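Protein chains in written order, with the entry's author numbering: chain A, 325 to 377; chain B, 325 to 377; chain C, 325 to 377; chain D, 56 to 324; chain E, 56 to 163; chain F, 217 to 270; chain G, 2 to 55; chain H, 2 to 55.
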């Protein structure tokens, strides 16, 4: 019973690096991209002063 | 099924960076272009002053 | 028979890692190339603004 | 319009390859379950197994049968079931103009689909261990109409002095259209895969007269019973016929994918 | 007039190259489909393959065949179908003055 | 088929009604107002056995 | 003719990228399973003979 | 399409990884136990025959 129960507990509690490690990487790339877009966005308003000024 | 379903969901909702990145770059160009034209346009009435001389 | 049948099944279904790995390597390299030229391509319109407003 | 249309077409085509991919994946598991059932059936055939053993095997076969049906009645694409048979001859437009659509037909993969089986003719006269092919009565005639309607006549001249079991093995070797198997009583059975033979097989010849073959009962994977050696041998064939049907559908989908992939490449160019 | 005509002529010729590009590109996929068919044929030829196998190969062959006919009846330049036979012997005026046109014929 | 298999089959044959089974083993048919308006007149021999209620 | 509304060159590269990306997935998939034919699209005849040999 | 919110390649790799992990554990048991039919999941019929023989 102990062996089977420990197996059962794993499925519901232990983390699967396979999916977890992937999920981490995904978050990292999205964050890196998001910030890049944010940097572009920060410069966007500069258009007015830069041109019409 | 989940794997194929996830792949399908991607085609309909995921962002094709290759396509979007080019679109962003294109949008900025047209933007800077229009701005330059607009600046040139604002100067149009300046002509009259000379005619008024 | 079982031995020869298994051998026969492999030749038609097995993955020759040697060729497959080589292929994947080439595929990744090709991808990196496409990505590099894609980058230079996005810069094309930049010439227009440089040409003039 | 054409450019924008071509874009939408590429998407429509991507949807097509997706629906197909899901269906193909489901049929994959279907194949694995069928293979397990076939092996369990062969284990059941061995005389060593007593009724209790066959009862045990049957229980697993019942379970896998239900699992096959489940896969078919559950596999869905966002809600549209793809294997129960509801999806049928659906058109997937893959062009920037009207009418360019390419058809796609998903066949029912239920374990009771007429295709996933055939017909079983069983002899009426059981031959004891001391029965041998009698000289002059060693001819069995198989008159059937294949699948394309083309009629064929398989004429198997059994080797003189062979036991009922050897008779079956001989037939199994002298043809691929019909499959033979000897039941517990010795009554030779003949299974005709709906995929291979259509209509009804006709048995003529002296050996046929001695065997007294009876009419054929439609047998599907859903109707297999390995509780009796006779049922076990028959089931092996029923599963084999099905494995074909399943693989055939998968192959057609395979092309549908290849074709749609090719369309995508042409469309983008 | 010559200068203005030369401009339109350059445009007309650009359209010409465009039509050829569209057609040539479609034929690129035509070739791949055919080559796939060739390999599948050589497979079916091998003796080990049984009648059942040949049936399967034929199914893929049949599908690819329809694709060639699809590409033929679809490839178009804004509704002007190209590689199906309907488009043939079309002159492209690439000269400022009249009667200066190169002829293009797209075979079925 | 078992009562569960009945529900799965029903769920596969139609989209208007979604069938399910409670702990007591009683088939539950749900109908979305977004898809079905009014009542549902269950009929037939199986319904005679199931005895669908209000 | 420097143009901004269209970058055919970009389209060309993206098209070949998609070709290379799909290639990687196909290869990687085969490497992971160890099976050259993991779907009929790989080789219908093989799927058939290999399943039957299996 | 160099997308980021999905990685079917990984999903495919994982599916096979699991398959291998389970297969490793399955054989590891048999090796330690010394018995192929460790659980009823294997040769349910053999279980009955083995037990009856034992």
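Heads up, the beta-carbon is just placed ideally off N, CA and C, and yes, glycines get one too.
Tell me which residue opens and which closes the beta strand (DSSP E) that residue i is part of.
{"i": "residue 352 of chain B", "result": "Note, residue 352 of chain B: premise wrong, no beta strand (DSSP E); alpha helix (DSSP H) at 341 to 366."}
{"i": "residue 158 of chain E", "result": "156 to 159"}
{"i": "residue 171 of chain D", "result": "Here residue 171 of chain D belongs to no beta strand (DSSP E), and DSSP marks it neither H nor E."}
{"i": "residue 252 of chain D", "result": "Residue 252 of chain D -> no beta strand (DSSP E), and no H or E assigned at all."}
Check residue i in the structure and name its three-state DSSP category.
{"i": "residue 136 of chain D", "result": "strand"}
{"i": "residue 92 of chain E", "result": "helix"}
{"i": "residue 233 of chain D", "result": "strand"}
{"i": "residue 311 of chain D", "result": "helix"}
{"i": "residue 338 of chain C", "result": "strand"}
{"i": "residue 42 of chain G", "result": "coil"}
{"i": "residue 65 of chain D", "result": "helix"}
{"i": "residue 79 of chain D", "result": "helix"}
{"i": "residue 214 of chain D", "result": "coil"}
{"i": "residue 283 of chain D", "result": "coil"}
{"i": "residue 325 of chain B", "result": "coil"}
{"i": "residue 12 of chain G", "result": "helix"}
{"i": "residue 165 of chain D", "result": "coil"}
{"i": "residue 302 of chain D", "result": "helix"}
{"i": "residue 103 of chain D", "result": "coil"}
{"i": "residue 70 of chain E", "result": "helix"}
{"i": "residue 152 of chain D", "result": "coil"}
{"i": "residue 202 of chain D", "result": "coil"}
Could you name the residues of the same chain whose beta carbon sits closer than 8 angstroms to that of residue i, not counting the 5 residues immediately before and after it, in chain order?
{"i": "residue 137 of chain E", "result": "74, 77, 78, 81, 130, 131, 161"}
{"i": "residue 38 of chain G", "result": "44, 47, 48, 51"}
{"i": "residue 186 of chain D", "result": "218, 219, 241"}
The alpha helix (DSSP H) with residue i in it runs from where to where?
{"i": "residue 145 of chain E", "result": "First-last for residue 145 of chain E: 145 to 148, but that is the beta strand (DSSP E), not the alpha helix (DSSP H)."}
{"i": "residue 114 of chain D", "result": "106 to 129"}
{"i": "residue 268 of chain D", "result": "Note, residue 268 of chain D: premise wrong, no alpha helix (DSSP H); beta strand (DSSP E) at 268 to 275."}
{"i": "residue 45 of chain G", "result": "45 to 54"}
{"i": "residue 370 of chain B", "result": "370 to 376"}
Excluding the 5 residues flanking residue i on each side, which residues of the same chain have their C-beta closer than 6 angstroms to its C-beta?
{"i": "residue 8 of chain E", "result": "The structure shown does not extend to residue 8 of chain E, since chain E spans only 56 to 163, so no value can be given for it."}
{"i": "residue 272 of chain D", "result": "175"}
{"i": "residue 41 of chain G", "result": "48"}
{"i": "residue 265 of chain D", "result": "192"}
{"i": "residue 208 of chain D", "result": "198"}
In terms of DSSP beta bridges, what is residue i paired with?
{"i": "residue 197 of chain D", "result": "D:209, D:258"}
{"i": "residue 177 of chain D", "result": "D:244"}
{"i": "residue 36 of chain G", "result": "C:338"}
Cβ of residue i within 7 angstroms of any heavy atom in the ligand NAP?
{"i": "residue 165 of chain D", "result": "The model on display carries no ligand, and the ligand NAP is accordingly not part of it."}
Identify, in the order they occur along the chain, each residue of the same chain with its Cβ nearer than 7 angstroms to the Cβ of residue i, setting aside the five sequence neighbours on each side.
{"i": "residue 376 of chain C", "result": "none"}
{"i": "residue 224 of chain F", "result": "none"}
{"i": "residue 333 of chain A", "result": "none"}
Problem set entry | Cβ contact check for the region 143 to 157 of chain D and the region 223 to 233 of chain D: 3 or more pairs under 8 angstroms | Three or more Cβ pairs closer than 8 angstroms define a contact, and the region 143 to 157 of chain D falls short of that threshold against the region 223 to 233 of chain D.
Problem set entry | the region 110 to 124 of chain E touching the region 293 to 310 of chain D, judged by at least three CB pairs closer than 8 angstroms | Touching, yes.
Exercise. Does the pairing of the region 353 to 373 of chain B with the region 329 to 345 of chain B give three or more beta-carbon distances under 8 angstroms?
Worked result: Three or more beta-carbon pairs separated by less than 8 angstroms are not found between the region 353 to 373 of chain B and the region 329 to 345 of chain B, which leaves the two stretches without contact.
Exercise. Counting pairs of beta carbons, one from the region 270 to 288 of chain D and one from the region 98 to 108 of chain D, are three or more of them closer than 8 angstroms?
Worked result: Flag = yes, the region 270 to 288 of chain D and the region 98 to 108 of chain D touch.
For this session: Mind the definition here: the region 12 to 27 of chain G touches the region 240 to 251 of chain F only if three or more C-beta pairs lie below 8 angstroms; say whether that holds.
Result: Per the Cβ contact rule, the region 12 to 27 of chain G is not in contact with the region 240 to 251 of chain F (fewer than 3 Cβ pairs under 8 angstroms).
Exercise. Counting pairs of beta carbons, one from the region 166 to 175 of chain D and one from the region 261 to 276 of chain D, are three or more of them closer than 8 angstroms?
Worked result: Touching, per the Cβ criterion.
Exercise. Counting pairs of beta carbons, one from the region 6 to 13 of chain G and one from the region 366 to 373 of chain C, are three or more of them closer than 8 angstroms?
Worked result: Short answer: they touch.
Exercise. Does the region 257 to 270 of chain D touch the region 176 to 191 of chain D, meaning 3 or more C-beta pairs lie closer than 8 angstroms?
Worked result: Below 8 angstroms, enough C-beta pairs join the region 176 to 191 of chain D and the region 257 to 270 of chain D to call them touching: three or more.
For this session: Please determine if the region 208 to 221 of chain D and the region 184 to 198 of chain D are in contact, where contact requires at least 3 C-beta pairs separated by less than 8 angstroms.
Result: Enough Cβ pairs lie closer than 8 angstroms, so yes.
Exercise. Taking one C-beta from the region 58 to 65 of chain E and one from the region 138 to 152 of chain E each time, how about it: are there three or more such pairs within less than 8 angstroms?
Worked result: Using a Cβ-Cβ distance cut-off of 8 angstroms, the region 58 to 65 of chain E and the region 138 to 152 of chain E are in contact, since at least three pairs of beta carbons, one from each stretch, lie closer than that value.
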